[PDB]
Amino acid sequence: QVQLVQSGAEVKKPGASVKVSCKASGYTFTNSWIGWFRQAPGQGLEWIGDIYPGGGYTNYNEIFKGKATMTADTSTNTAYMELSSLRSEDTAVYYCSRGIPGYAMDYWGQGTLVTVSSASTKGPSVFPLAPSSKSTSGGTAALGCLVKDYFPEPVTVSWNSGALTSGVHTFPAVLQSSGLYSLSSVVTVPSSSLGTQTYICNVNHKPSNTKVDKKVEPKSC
């Protein structure tokens, strides 16, 4: 019921600023702290600061003082973290969280990956991986989507708008020589019902505002 919904991943050029948002619902916005954190892989979790929207009081980690600015808009129950003078090292997943006074930070948002780079965004091409006689095993069939040539990360993939989760594997992206990324997502389903069921991979690449819904079906030879 408590929900914190963050804005989408973005690429930003060095020297630029970025303002991440955190839309709060399911509780009284002015009565809880919003905490901000970031995480880079291998390098763990860092506290940026917290803000109490009922008054707008802020505490900052000294390492982020002067570069990070937290604000909160109590008319829309949205908190914001602006990070300025962006450098490559600021590439990270930024999280917001909710903390009742006296308690720990809970209900973390889903994270926002900010990538600092001079390279322009590029949306993915999405291709089907059709089920076939070469993807069957004992009455099941594998099928998928190949999501090629995008930048920066991340791409998310769901199947059938989130109603198909069992047997799904969405793989970590790989770095191509070009500096673009690719990934694949597959799912195993019953072979018996390939004729009656419809499998759609829903691909979202927020940095380029690209959404693709690709139907994946057995193909006539």
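A residue's number is simply how far along the shown sequence it sits, counting from 1.
- Message: So, looking at the entry's B-factor column for Cα atoms, which has the higher mean, 89-97 or 103-111?
- Response: It is 103-111 that shows the higher mean C-alpha B-factor.
- Message: Mean Cα B factor from the PDB record: higher for 61-69, or higher for 34-42?
- Response: If you average the C-alpha B-factors of 61-69 and of 34-42, the larger mean comes out for 61-69.
- Highest CA temperature factor in the entry: which of 49, 172, 152, 55? In this record, 55 carries the highest C-alpha B-factor of the candidates.
- Task: Pick out which of 188, 178, 192, 160 has the highest C-alpha B-factor in the PDB entry.
- Result: The record points to 178.
- C-alpha B factor of residue 131, ranked within the chain: lowest, middle or highest third? Its C-alpha B-factor, which the entry lists for residue 131, ranks in the lowest third among residues of this chain.
- Among modelled residues of the same chain, the CA temperature factor third for residue 21: It belongs to the middle third of the chain when residues are ordered by C-alpha B-factor.
- Query: Which third of the chain holds residue 124 when residues are ordered by C-alpha B factor: lowest, middle or highest?
  - Reply: Answer is middle: the recorded C-alpha B-factor places it there.
- Which third, lowest, middle or highest, does the CA B-factor of residue 4 fall in along this chain? For residue 4, whose C-alpha B-factor we compare with every modelled residue in the chain, the answer is the middle third.
- Item | Cα B factor band for residue 209 (lowest, middle or highest third within the chain) | Highest third.
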